[PDB]
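Fold and geometry: a report
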Amino acid sequence: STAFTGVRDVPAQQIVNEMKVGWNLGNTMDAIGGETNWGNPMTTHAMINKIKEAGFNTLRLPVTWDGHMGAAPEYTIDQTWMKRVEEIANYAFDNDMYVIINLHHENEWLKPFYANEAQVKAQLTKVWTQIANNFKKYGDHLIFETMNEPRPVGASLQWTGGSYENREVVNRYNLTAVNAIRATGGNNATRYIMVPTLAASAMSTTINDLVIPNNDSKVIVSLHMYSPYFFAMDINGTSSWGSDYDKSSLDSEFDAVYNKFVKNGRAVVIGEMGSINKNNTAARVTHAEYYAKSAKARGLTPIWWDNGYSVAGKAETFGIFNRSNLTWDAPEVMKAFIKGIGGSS
Amino acid sequence: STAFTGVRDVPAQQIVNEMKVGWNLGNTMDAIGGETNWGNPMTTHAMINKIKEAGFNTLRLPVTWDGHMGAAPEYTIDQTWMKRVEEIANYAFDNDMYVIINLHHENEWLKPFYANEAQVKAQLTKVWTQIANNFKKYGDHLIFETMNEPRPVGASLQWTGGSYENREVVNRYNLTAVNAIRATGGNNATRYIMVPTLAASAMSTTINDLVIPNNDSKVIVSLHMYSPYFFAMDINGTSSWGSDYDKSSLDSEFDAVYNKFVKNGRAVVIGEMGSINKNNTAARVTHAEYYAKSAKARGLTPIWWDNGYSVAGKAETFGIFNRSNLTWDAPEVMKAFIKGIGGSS
Amino acid sequence: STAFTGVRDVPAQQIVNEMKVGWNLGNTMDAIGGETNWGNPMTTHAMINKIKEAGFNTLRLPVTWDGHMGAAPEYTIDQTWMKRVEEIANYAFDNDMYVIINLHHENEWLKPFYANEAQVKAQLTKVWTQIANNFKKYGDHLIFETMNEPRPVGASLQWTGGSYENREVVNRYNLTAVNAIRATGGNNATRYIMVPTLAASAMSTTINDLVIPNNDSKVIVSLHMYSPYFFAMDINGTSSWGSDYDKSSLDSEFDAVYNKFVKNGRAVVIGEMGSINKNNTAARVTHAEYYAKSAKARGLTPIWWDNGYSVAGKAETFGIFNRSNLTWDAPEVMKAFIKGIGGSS
Amino acid sequence: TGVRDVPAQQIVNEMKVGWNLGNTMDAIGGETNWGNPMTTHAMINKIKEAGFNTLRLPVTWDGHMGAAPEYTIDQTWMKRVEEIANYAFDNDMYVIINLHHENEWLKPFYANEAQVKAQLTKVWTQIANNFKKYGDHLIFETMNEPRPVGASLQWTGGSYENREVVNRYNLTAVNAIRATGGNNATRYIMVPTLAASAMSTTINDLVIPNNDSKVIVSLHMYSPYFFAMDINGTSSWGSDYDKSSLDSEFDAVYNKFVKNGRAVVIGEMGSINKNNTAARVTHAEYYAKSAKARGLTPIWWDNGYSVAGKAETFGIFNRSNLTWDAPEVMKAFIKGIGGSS
Amino acid sequence: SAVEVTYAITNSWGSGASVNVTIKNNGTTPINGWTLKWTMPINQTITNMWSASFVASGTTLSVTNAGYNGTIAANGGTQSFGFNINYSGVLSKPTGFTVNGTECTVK
Amino acid sequence: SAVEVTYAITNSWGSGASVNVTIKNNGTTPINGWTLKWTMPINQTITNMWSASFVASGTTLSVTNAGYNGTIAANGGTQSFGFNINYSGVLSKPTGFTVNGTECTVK
Amino acid sequence: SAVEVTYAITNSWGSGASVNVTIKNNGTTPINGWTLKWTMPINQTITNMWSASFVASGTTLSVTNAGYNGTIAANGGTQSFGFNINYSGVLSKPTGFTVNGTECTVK
Amino acid sequence: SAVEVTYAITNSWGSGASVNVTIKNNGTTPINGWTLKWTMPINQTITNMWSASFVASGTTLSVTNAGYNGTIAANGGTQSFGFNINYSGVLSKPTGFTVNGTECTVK
């Protein structure tokens, strides 16, 4: 098991290299109301076995804590919920993987405005203190991700970089979260931690205004890049991907990240990406394999967003693994993604 | 007149500030087959006077030299053509403006490939030696732009960042052109010079790989940013502009330029931008004004591409000035653009 | 009291600014064989009151732990010794001062060589874990200094930059010490920490090769600068100081530190400095005042080495405060030093 | 030949190690006025043979030029400098030509700046025009040791005013050279810090004219002072402290300049004759290899004066009979530099 | 607020004055491309400005950086500009400012 | 010459005033660790200062940067600090300033 | 070409060998995120690789940087990696390489 | 120590060979101005070297960086150079290497 290996002092880039390529347990512990509330069955050790066997070395374990915790001042987290998170993490540690645990759909309380800052910081400190204490013994194969996509509420603002106020307060929250984790001591003082830009966006505005808490070299940047938008995410967008233009645009998106962070020794994980099912397997294969090698060529480790929903022609169909069957719904997409990542053997 | 005011040793950013905002004499000296061959009338002093009066302090004077020069080894430029270019420039210096002279539609000979390098450099050297020598006495209000949009030919490559080969050779061409200018001495040794990224693109790939000839502090980056593409340039693209998303995205495009260049002391001119006429004056006014002020807030001087073609509902209709009439075809857009720029008095 | 004020997240430069100017309780808890073994009286609260009253805002409290701890694996530190250090620190906290606690004369175990590295790290970790654990509740007015003057022993190496090996292992020790401190959690996860170059030397070799543990923005550099050597330290060196050359030379020493660290946002404390008594009060006054203003102009906070030995004409007579009388043996030197520092009121 | 476009560091590597024709064209009152014979092609031939690939050719132009506005330099003087440079070019060596003892007119204060700049511009335009035809083996050094006059200030970093004005003069000089165009547009150029000092104060306040990538820093480092220069200083060199301390002087230059791609030439250095040959041998060899390990090319100051026990006795070459007065010191210096074959 | 504005009178002559404005960023994030907005007191007109440019609409004033001073560094960084005004009445100062949308403390 | 000092009054209350000082460097060389000195007018005492520290000796007032703001960038860089004074008679401003020995222009 | 590849044998033991590859960029533009491609002689198989990772497809070999060594600096910069192979027969070397699409010189 | 040297044979032609050397720094501290020393096997002679220079003294070979490649970056940084040798008998490799006094591992 990779659960209790202690904590190294290597550069974060090395950790990101070993994380290699990842798979998200999406719409699960992050689902509002509970693990199976969004149509996924209860997670099993056998499922995670298949993830490892396919060639994924990282499990991102998104978790929504809102709805499982009491009120201020303690915001006490339901102990059975906490233990369930720890149990799933060990499915992956048994497979010698990396695990990332975050706070996910916390937008009801995690508001990036000066007016909210004091109360949000108080809750964020309480939340991270409890999670960190629970996982204190785990070694550097356990990575904490301080927040998911913190941003100002509102449909019109979803794909924006927010205001300077928003970006400043996100930076303040990341520092609060990191300090809360590290103050618990032990392995939490030295483990690697991912922090997002506002909305985990890779756009110039948000990557340029990111401030790394304490300049801590153990900190990794968290970005979500469902690129290119129209092919990957939009049910009404093109079903085709493969032109020289497509390849060039994708490269350039990763080039921004490489020049701002990686080439300066700041490691970066693309914690979410992927494409939906538009009955276009050949195109998704081409895209998946190119994305993987182009991202990897820039020192980036990408993590597929798998929400367990794979129906052709429906929006949000990012699922590629069949959890009930223990088979792959999109075997060709999965294999191409893994194929583009390559390896050291 | 600002023609013969000598050359200062001020920061290039100060020069860019004084350029302030600009207008392109498009589809004119850049036109294949002659000044009036692409539908514009003979250029007059009266026209330029109207440009200055409107609030523009820079004239970009794009010139296509191919078609006006002999073959190797001297590639002698027709003196009548050279002198007409200079005459037009003086229309502007008479109005105390800045003038940018470039090489424009040179794609037939200017090929950014290792195989073409030796011959292209030889031609580039001869071309710039002649231009520089002709304009040698002019002071720092004359700026040379080494090339327009150097890029590999091919429809499918139009909006790409080229190959590493292409970007390396574009960098080699910029140095060749800069050295050719500087080798003539006098004011050419110290005047400010603009150099483009590949395709003059602002995308991450091209701005990241730009190399400033000799680290020359008097060099200014040239970018062309018809943003956002769909509103501004695409005839089948939206004719609305002004949402929270629209503003955020434009800010972000400028933020990448600010972070890479401006904030590090490297000045930047947006030598071409603008919107076509989709019978959408209100949207265009909103866009033009916000573009100006967002660009300016990041130290950028934008220059409108006016090709004299302003027909509603047609592609490429960037024209806003009516040259035959000495009036404006798009008075509202023009005035909004200038208003967005502001001033010091 | 400044003992328990909590821990801020301000830049280290601001902490260094508030530290302002310091005084060492030298040849005391750092003395081999215990607090009074090198001829100083038992330290009292009244002594420290006088230090504060004279205008000093930092007490550097150097401690030699070797001689007060058991063997491997635990290296258990004597509890009486630990609590006496704490008692003395509170003399200063009662005066609203900053206090620095280090490891001082540890050369019999703390050896910067590859061959000693594993065992030294293990002992360093146990030592800092114990010290940090004892002082956990104390706020940001308590600063830990990880080591004093780690270096190869051997007379010929005394004023050298050591070998690359030595400098490499020193950086490794600093990281080990910092992680040990932070791993105890609480305020220790966030307090400010001083780390030395090899031998705490400001020479180019050693400052150029310093590596900040984890790039931690809470880390401050520790330098010892008894400059200029011949005037300040050599009983056989000149008794005079104040030429334009003297001033320029001292300026240049600080300039090296300013350009390496301070101007890049890395704060620096000169944890030891001063001059011996060559019966040259006027020269020591000129030097002390100039040192203080020259250092402060480069953002540096200086700390006088006071070993309680002030006899005119003897080597190592850095003492300026008379502990037994509670008066100043060198009142003019002390006042000039304080005067040179200035203030905000 | 022509002017290559290579990294300034490559130029400096190729310069390799140098020798100054000191107290010669820099001597007040003319070439032979300070006790050296008229320079000959044979002398420079021997310099090359010993292993030096660079001749620094210091020139004092004050005394050889007319009044404002043109400050016309005497043609015979200009021609003589060129003649000597060609002795070196014939040997495929690098040559550095500077302005040397110009202190009577070249003053780094705001009050003098307008006059000095006017003259600097005229002087460099002329030198640059005369020497334009030569390729990248000819390097211009804009000034020697510009500094405020006064003995008490000799080993200081001057005032901020002084360092600012030195930077202004370097810009003026580089622009004057560049403006003549041709080979002078791309030639490599050395610029000094104030007093050509390597101290923190002066290296930290140096501003490269236009950030020009063809600019190389000029430093003079007669280190360590007491051994190398001070007639009353120690005659011994070679302890661990000596070595570490010299390393650290070069480490300051490496970290500020070389590491960041800004090339550096130590235009002057050396030791006087204290009847201490073995010590000077140890110093010379260690100096050369320590400097080279930080990317630096050292150039020996040879003033043709080698009398044991006297101040300022840096001379190692015997110009009268074409032998070395200090054969062992010379050979150790060259040996410490090493090579590629 | 983590951003402080200092609005000061360099000189005044009854009918006109010279103003210096210092913006200080005490927050953690640099302000990359600052803009400063405020309401001028009535009966004041800006004649000319340096180290920045402006757009005036009635008493509403929007000032933009001059590119070279566009970034206000975090943790106490400043940038400053200045301008002359003509005025009548008492020489009063603005009561608030916003920098890139963030309300400032007037110091 | 190439360094300008802007000495401006933020607020005043008859017995005292608040001052903001901006130092601008228009020369080519950054000022690495600025200090600023002037002659204090007869009737004035500095009660406290921020973003800098000072030493008062006779009529002489010596101000030193606060480290984080110690470098004044070339080609128009600025750094600023402020202080409170107490005064009587007419509020006068110093008539000369020196920054690291360099005589300043006063704006 | 301005890009040089040095493909060298560190050690060989009859049935396997250790290879070291050094890529040199003599051009003016840094290579930001290098990839190296070549065709590998048959009867050679890469067993493990350090400081880089690879995709093998038949004899087609695509090698990617390890992030921390992703940029090959201009004007003579290098980056290196190594790997072990198993092989039968005569040990031979690839004779052509491309780096980010640019054909390299083999030294 | 944490410094590794890879001494590899690029090519050989019976009476001589071309060698590539890669120095890799796995420590925490950059090596600022590297030098590499080894004991030269008998009957080998370096005929020329690139990206570095050398001094041969007895059995000892001392190699010095070429300035532009003088810093070996920490945490896996490399720098490389090469040279040609003439040799007779068996082509053997140096046994030990030291870089700035630190004994290296031979990969």
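Per the deposited record, determination of this structure is attributed to X-ray crystallography, with the resolution reported as 2.100 Å.

**Looking at the overall build of chain E**
For chain E, the count of helices and strands is zero helices and twelve strands. The order of helices and strands in chain E, counted from the N terminus, is β-β-β-β-β-β-β-β-β-β-β-β. For 107 residues, the compact-globule formula gives about 13 Å, and the C-alpha radius of gyration of chain E, at 13 Å, lands near that figure. Over its C-alpha atoms, taken along the principal directions, chain E stretches across nearly 40 × 25 × 25 Å. Here chain E, with 107 residues, has 57% of them falling under the buried criterion. Considering only contacts in chain E between residues 6 or more positions apart, those separated by 24 or more positions represent 68%.

**Some words on the interface of chain A and chain B**
Taken together, the contact pairs 18 residues of chain A with 19 residues of chain B. For the chain A and chain B pair, buried surface summed over both sides reaches about 1400 Å², with 44% attributable to carbon and sulfur atoms. At the junction of chain A and chain B, the tally comes to zero salt bridges. Our count for the contact surface shared by chain A and chain B stands at twelve residue pairs in polar contact. Listed by contribution, the elements that provide at least two residues to the side of chain A that touches chain B are helix 6 (204–209) and helix 8 (244–260) of chain A. No other element matches helix 8 of chain A, which puts nine residues into the side of chain A that touches chain B. Looking at the side of chain A that touches chain B residue by residue, the class counts come to five nonpolar, nine polar and four charged.

**Remarks on the packing of helix 8 (residues 244–260) of chain C against helix 9 (residues 281–296) of chain C**
All names here are of chain C. One can describe the packing of helix 8 onto helix 9 by two numbers: an axis separation of 9 Å at closest approach and a directional angle of 35°. For the pair helix 8 and helix 9, the sense of crossing is right-handed. In contact with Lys247, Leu250, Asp251 and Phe254 of helix 8, helix 9 contributes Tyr290, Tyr291, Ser294 and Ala295. The residue makeup of the contact of helix 8 with helix 9, split by class, is five nonpolar, one polar and two charged.

**A closer look at the relation of the copies chain A and chain B**
Put simply, the two copies of the chain differ by a rotation about an axis and a shift along that axis. Between chain A and chain B, which share one sequence, the superposing operator has a rotation angle of 180° and an axial displacement of 0.0 Å; the RMSD is 0.2 Å. One copy is carried onto the other by what is essentially a two-fold rotation axis. Residue by residue, 100% of the interface of chain A is reproduced at the interface of chain B, so both copies engage with the same surface.

**Some details on the sheet that holds strand 5 (residues 193–196) of chain C**
Strands belonging to one sheet form pairs held by backbone hydrogen bonds; the direction of such a pair is parallel or antiparallel. Residues and elements named next belong to chain C. Reading around the barrel, the eight strands line up as 1-2-3-4-5-6-7-8 and close back on themselves, with parallel pairing between neighbours. Going from strand to strand, the sheet's axes swing by 25° on average, the running direction of each strand aside. The sheet contact formed by strand 3 (residues 98–102) and strand 4 (residues 142–145) spans four bridges and is parallel. Note on strand 4: the bridge partner recorded for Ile100 is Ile143. Contacts between helix 1 (residues 12–19) and the sheet are confined to strand 2 (58–61), strand 3, strand 4, strand 6 (219–224), strand 7 (268–273) and strand 8 (301–304), with strand 3 contributing the most and set at about 105° to the helix.

**Focus on the interface of chain B and chain D**
Each partner contributes to the interface: chain B provides 14 residues, whereas chain D provides 14 residues. With both chains or domains summed, chain B and chain D bury close to 890 Å², and 48% of this area falls on carbon and sulfur atoms. Summed over the shared surface of chain B and chain D, the result is zero salt bridges. Where chain B packs against chain D, one counts four residue pairs in polar contact. When the residues that make up the side of chain B that touches chain D are grouped by side-chain class, the tally is three nonpolar, seven polar and four charged.

**Observations regarding empty space enclosed by the protein**
As enumerated under the stated definition, the model contains eight cavities of 30 Å³ or more in all. In this structure, the largest cavity encloses a volume near 270 Å³. In terms of lining residues, the largest cavity is bounded by 16 residues, among which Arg182(B), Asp216(B), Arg178(D), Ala185(D) and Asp212(D) are the most central. Per element, the largest residue contribution to the lining of the largest cavity is three residues, and it comes from helix 5 (residues 164–183) of chain B. Counted by class, the lining of the largest cavity contains three nonpolar, seven polar and six charged residues. Empty space within the second largest cavity amounts to approximately 200 Å³.

**A closer look at the nonpolar core**
In terms of nonpolar packing, the biggest core is built from 121 residues, with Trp61(D), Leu36(F) and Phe81(F) touching the most fellow members. Not counting residues within four places of it along the chain, the set of residues in contact with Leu36(F) comprises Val5(F), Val21(F), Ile23(F), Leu61(F), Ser62(F), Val63(F), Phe81(F), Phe97(F), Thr98(F) and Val99(F). In this structure, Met47(C), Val127(C), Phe144(C) and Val262(C) belong to the second largest nonpolar core, which totals 118 residues.

**As for the pairing of strand 5 (residues 189–192) of chain D**
All names here are of chain D. The alternating pattern of strand 5 places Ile189 and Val191 and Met190 and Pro192 on opposite faces, both of which are buried. Both strand 4 (residues 138–141) and strand 5 contribute to a ladder of two bridges, which runs parallel. The partner of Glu141 across the bridge, within strand 5, is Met190. Bridge count between strand 5 and strand 6 (residues 215–220): four bridges; the pairing is parallel. Residue pairing across strands places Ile189 opposite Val215, the latter belonging to strand 6.

Reading guide: rules and limits
- Residues numbered from 1 in each chain as written, not as in the entry; some residues may be left out.
- Chains lettered and ligands numbered in written order.
- Heavy atoms only, no water.
- Helix = DSSP H or I, 4+ residues; strand = E, 2+ residues; numbered from the N terminus.
- Rg over C-alpha atoms; globule rule 2.2 N^0.38 Å.
- Buried < 20%, exposed > 50% of the residue type's maximum accessible area, 1.4 Å probe, protein only.
- Contact = heavy atoms within 4.5 Å.
- Buried area = accessible area lost by both parts, 1.4 Å probe.
- Salt bridge = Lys/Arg side-chain N within 4 Å of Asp/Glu carboxyl O.
- Polar contact = N/O pair within 3.5 Å; in protein donor to acceptor, adjacent residues only side chain to side chain.
- Nonpolar A, V, L, I, M, F, W, Y, C, P; charged D, E, K, R; others polar.
- Axes fitted to C-alpha atoms, helices over the stretch in contact; angles between N-to-C directions.
- Left-handed = near helix turned anticlockwise from the far one by under 90°.
- Least-squares fit on C-alpha atoms.
- Pairing = 2+ DSSP bridges.
- 1 Å grid on protein atoms, 1.4 Å probe; cavity = no way out; pocket = protein on both sides within 12 Å on 5 of 7 lines; lining within 4 Å.
- Points joined across faces, edges and corners; volume = space filled by probe spheres on them.
- Core = buried A, V, L, I, M, F, W, Y, C linked by side-chain atoms within 4.5 Å.

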